[PDB]
Amino acid sequence: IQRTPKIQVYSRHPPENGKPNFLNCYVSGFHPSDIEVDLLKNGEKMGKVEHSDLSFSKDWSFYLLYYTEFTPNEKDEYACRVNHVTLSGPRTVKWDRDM
Amino acid sequence: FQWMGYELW
Amino acid sequence: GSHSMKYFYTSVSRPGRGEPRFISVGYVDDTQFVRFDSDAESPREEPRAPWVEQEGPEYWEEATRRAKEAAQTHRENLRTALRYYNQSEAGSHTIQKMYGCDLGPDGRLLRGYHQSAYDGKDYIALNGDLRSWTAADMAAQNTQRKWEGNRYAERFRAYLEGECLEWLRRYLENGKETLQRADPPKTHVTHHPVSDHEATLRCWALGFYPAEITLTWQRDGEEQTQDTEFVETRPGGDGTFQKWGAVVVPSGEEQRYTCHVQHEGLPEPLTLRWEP
């Protein structure tokens, strides 16, 4: 039994251009635990990306939170790339300030 | 705190 | 009111990579306070909360000891598992275990937890009676019989009604301002046109604790499920949580929709409407 990970890329606070903020990628409901997650700016891995300690929910599905510091603006594009055994190639989810 | 004891399957 | 302490163990075998990896995390309610990673440069129980960080060296030494003990236990259980399901040692497998206690309002054990799964599927779990066990398959029945033979439910129950609750109360005392705090969600409704005939209404609730929260949409005061999307509650990264719920609405119908949000920190339930 292996399960496809759900991905949510979002900011900690309501995004304002030129205002320091925190970029988060929440990857949940996946199995097994083996997984790779990256935070990209304009298609390139960001400098300092860290993640939370591996944990799981009631249905035994794992969840991880990768995070970094970012200052949003209209020109730059942020995204989250996830590699998992259940995924046919890496899946990339762009950050949307409306979500 | 954590639980201590032998828990073998 | 009611509080809880839970421990999550994850052991993953790594054929060729040597010993299996063991990761343990501790939670008071929705706040992580400890961690243990066998792959850490110097494996040891680490503080992840300010209110547990000032515990004496004995706490961390003993905690580390028990953590490693649990790790080895899960290794042995991994082997035993390989032997139960008749599997190869060249394959990777996973053992997960969650266990804890729920301190009630009267300072007594409300509910106990001790459940374990193998490869993402239920293996064996402690029943609500705190006396009996439930085995998912024929392989888990061996373990069930073993634990029945050595009175494990009784002993672990002794842990539940004692040490567990004691430490939970201690944590709740030391982390009064943090754990017994109920932060209300900062909410607001946003509007995002899909076309010239439809537009999405998104209800935002941010920076709230604990994670428990209710968020719905209503048309004309009637509950709405159709054309709706609710995302899983997500962590803010600073100890808080977030959640938003969107609904696709015909252009001109916006003012007939209301977002309803109930949270522990809310003095009164919230009734929100798009405020252009």
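In this document, residue positions are counted from 1 along each chain in sequence order, independent of how the entry numbers them, and residues without coordinates are left out. All chains are assigned letters beginning with A, and all ligands numbers beginning with 1, in the order in which they are written. Note: side-chain values were computed over all heavy atoms of the structure, leaving out hydrogens and water.

### Observations regarding the packing of aromatic side chains
Aromatic pairing here means that ring centres of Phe, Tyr or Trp (its six-membered ring) are within 6.5 Å. Orientation follows from the plane angle: under 30 degrees is stacked, over 60 is edge-to-face, and everything else is tilted. For the coordinates displayed, the defined rule picks out 36 aromatic pairs over all chains. Both rings, one in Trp51(C) and one in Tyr171(C), keep their centres 5.9 Å apart while their planes meet at 50°; by these two values the pair is tilted. Taken together, the residues span a long stretch of sequence, with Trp51(C) in the loop between strand 4 (46-47) and helix 1 (57-84) and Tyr171(C) in helix 3 (residues 152-174) at a distance of 120 residues. Buried residues are those whose accessible area, probed at 1.4 Å on protein chains only, stays under 20% of the maximum for their type, while exposed residues exceed 50% and partly exposed ones sit between those limits. Residue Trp51(C) is classed as buried on the basis of its relative accessible area of 9%. A ring pair is formed by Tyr59(C) and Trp167(C), whose centres lie 5.4 Å apart and whose planes are at 70°; its orientation type is edge-to-face. Taken as a pair, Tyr59(C) in helix 1 and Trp167(C) in helix 3 lie far apart in primary sequence, 108 residues in all. A cation over a ring is seen here: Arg12(A) above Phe22(A), with NZ or CZ 3.8 Å from the ring centre. A positively charged side chain is recorded as over a ring if its NZ (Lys) or CZ (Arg) lies within 6 Å of the ring centre. The angle to the ring normal must also be within 35 degrees. The ring of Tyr10(A) carries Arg234(C) above its face, with NZ or CZ at 3.9 Å from the centroid. A run of H or I in DSSP becomes a helix once it reaches four residues, and a run of E becomes a strand once it reaches two; helices and strands are each numbered from the N terminus.

### Some remarks on the UniProt feature "domain: Ig-like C1-type" in chain A
The UniProt feature table records "domain: Ig-like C1-type" at residues 5-94 of chain A. Between the end C-alpha atoms of residues 5-94 of chain A the distance is 16 Å, and the span holds 0% helix and 52% strand. UniProt positions are given in the numbering used here, feature names are shortened, and annotations may be inferred rather than shown by experiment.

### Points about the UniProt feature "disulfide bond" in chain A
All names here are of chain A. The criterion for a disulfide is a pair of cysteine sulfur atoms lying within 2.5 Å. Between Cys-25 and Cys-80, where UniProt annotates a disulfide, the S-S separation is 2.0 Å; being under 2.5 Å, the link is counted as present. Here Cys-25, found in strand 2 (residues 21-30), pairs with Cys-80, found in strand 8 (residues 78-83); they are 55 residues apart in sequence, far enough to count as distant. Accessibility expressed as a relative area gives 0% for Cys-25, which makes it buried.

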